[PDB]
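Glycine also receives a Cβ, built like all others from the backbone with ideal geometry; neighbour counts cover every protein chain displayed. Derivation of every value follows stated rules applied to the coordinates shown; laboratory data play no part.
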Amino acid sequence: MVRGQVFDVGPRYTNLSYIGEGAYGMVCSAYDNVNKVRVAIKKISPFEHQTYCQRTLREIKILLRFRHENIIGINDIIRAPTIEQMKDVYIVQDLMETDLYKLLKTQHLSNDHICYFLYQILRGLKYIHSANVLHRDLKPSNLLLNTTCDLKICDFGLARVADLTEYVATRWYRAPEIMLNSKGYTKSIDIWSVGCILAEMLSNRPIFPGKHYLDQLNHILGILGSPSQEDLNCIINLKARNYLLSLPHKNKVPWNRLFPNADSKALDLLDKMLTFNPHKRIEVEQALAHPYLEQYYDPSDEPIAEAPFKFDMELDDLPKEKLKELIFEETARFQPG
Ligand SMILES: c1nc(NC2CCCCC2)c2nc[nH]c2n1
């Protein structure tokens with residue numbers, strides 16, 4: 001009953017209004033008759049793809065487990081009373097006003113706003129990393145804003161514990177290690193993404209907007225300069241590594257030439273986030289303690305996870321039928337009664 005597609009969430013949730021498409025599929029706002037407020041509802045239909053089931057379970061378990069101001073929560077989950085009838089899962093979340101993507105398309109951000117948004121992203125990410133989780137897909141459209149400039153990190157479908165080749169909407173925020181298909185990357189890939197986001201807040205345009213695969217790397221090299229053999233220390237394809245090492249030498253472009261109006265402390269931190277070498281890259285607590293964020297940094301007011309997150313049984317090996325059973329179990333607490 002919206003865009004010709006089924007959206008069965010009533011009677012508690014009424015007055016459906018189309019917002020847009022996932023990621024997972026249709027997203028609507030709806031009136032919550034119990035809580036007298038409008039909410040957001042994501043419809044997910046994953047049970048025919050093994051990887052969609054992984055994404056959905058991951059999403060649900062992680063968001064249900066996390067509790068943090070800067071991370072979206074899950075209010076409610078709708079699905080059929082029997083597992084046989086369960087074809088769709090509806091995830092209810094607080095309605096946010098916008099995301100960083102749309103904001104950056106229309107608005108210029110004061111230095112104070114850039115600084116505070118950055119703080120909130122890193123504050124939330126500090127919690128994430130403290131649960132031994134990598135988000136793996138940080139980008140402006142996954143950063144939601146409310147009316148009072150409160151920022152929440154969203155979409156943990158691609159998140160894994162810190163111990164692909166699939167389609168994603170954009171790769172402009174992936175670390176070089178990810179682009180080069182390395183097998184053994186760390187929390188530092190998330191820091192890279194945040195740096196890309198920082199650059200975009202400073203200029204209102206993506207810093208590394210590649211048109212295609214190899215072009216993405218050329219954009220990176222064209223600004224950071226040629227990487228050293230030491231910078232390329234990840235387990236990566238030999239031929240890819242050789243190709244990269246043989247490209248025309250690029251000199252590092254100074255930050256103040258790309259961002260001639262940016263706070264000089266912001267550019268210093270930016271420099272630390274966008275380092276080619278992952279081991280050289282700044283960590284989340286170090287980034288938080290950078291002079292740029294000094295007016296917000298407060299380790300007594302930056303919660304970490306009660307315990308490192310652990311999928312007690314691994315997910316990528318389960319047949320999609322078993323994943324559906326786990327999804328059924330994880331959502332049963334939201335059923336009446
Ligand atoms: C996706 N979109 C939303 N709202 C839109 C509204 C239009 C501007 C962009 C954000 C959401 N609110 C809570 N979770 C959401 N997931």
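Placing +1 on each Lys and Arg Cβ and -1 on each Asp and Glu Cβ, with no other charges, gives the chain a dipole about its Cα centre of roughly 840 debye. Highest average first, the peptides 172-182, 48-58 ordered by how many other beta carbon atoms sit within 10 Å of their residues are 172-182, 48-58.
The length gained by stretching the chain between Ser246 and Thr170 to full extension, at 0.36 nm per residue less their Cα-Cα distance, is 24.7 nm. Using only the Cα atoms of the chain, build the gyration tensor, take square roots of its eigenvalues as a ≥ b ≥ c, and label the shape rounded, prolate or oblate: rounded if a/c is under 1.5, else prolate if a/b is larger than b/c, else oblate. Taking the square roots of the gyration eigenvalues as a ≥ b ≥ c, the chain is prolate.
For region 174-295, the dipole from Cβ point charges (+1 on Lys and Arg, -1 on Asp and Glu) about the Cα centre works out to 460 debye, to the nearest 20.
Of all beta bridges that DSSP places with both ends in the chain, some 95 percent have antiparallel geometry.
What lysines could a cross-link reach from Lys265, if we take a straight Cα to Cα line under 20 Å and drop same-chain neighbours fewer than 8 places away? Counting by Cα, and skipping residues close in sequence, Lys265 has these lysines nearby: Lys252, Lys280.
Against the compact-protein benchmark of 2.2 N^0.38 Å, the Cα-based radius of gyration of region 205-266 scales to 1.28.
Per-residue ellipticity at 222 nm from helix content only, as computed over the chain with -39500 (n - 2.57) for each DSSP H run of at least four residues, stands at -10000 deg cm²/dmol. Multiplying each eigenvalue of the alpha-carbon gyration tensor of region 1-135 by 5 and taking the square root yields semi-axes of 28, 20, 14 Å, largest first, rounded to whole angstroms.
What shape does region 133-217 take by its C-alpha gyration tensor, where a ≥ b ≥ c are the square roots of the eigenvalues and a/c under 1.5 counts as rounded, a/b above b/c as prolate, and the rest as oblate? Note, shape of region 133-217 comes out oblate.
Here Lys320 is the anchor, and the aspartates and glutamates within straight C-alpha reach of less than 19 Å, apart from those fewer than 8 places off in the same chain, are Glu48, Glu59, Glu84, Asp88, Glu166, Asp312, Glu329, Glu330. The eigenvalues of the Cα gyration tensor, multiplied by 5 and square-rooted, give region 20-61 an equivalent ellipsoid with semi-axes of 24, 12, 7 Å from largest to smallest. State which entries of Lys152/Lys187; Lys61/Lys272; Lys211/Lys322 exceed 27 angstrom in Cα-Cα distance in the structure shown. In this structure, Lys61/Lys272; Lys211/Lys322 lie more than 27 Å apart at Cα. This model, with +1 at the C-beta of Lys and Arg and -1 at the C-beta of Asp and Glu, gives region 50-116 a dipole about its Cα centre of some 300 debye. Peptide packing for 34-45, 127-138, 85-96 was compared via the average number of neighbouring C-beta atoms within 10 Å per residue; ordered from the highest value, the list is 127-138, 85-96, 34-45. In terms of its alpha-carbon gyration tensor, region 230-280 comes out oblate; a/c meets the 1.5 threshold, while b/c is at least as large as a/b.
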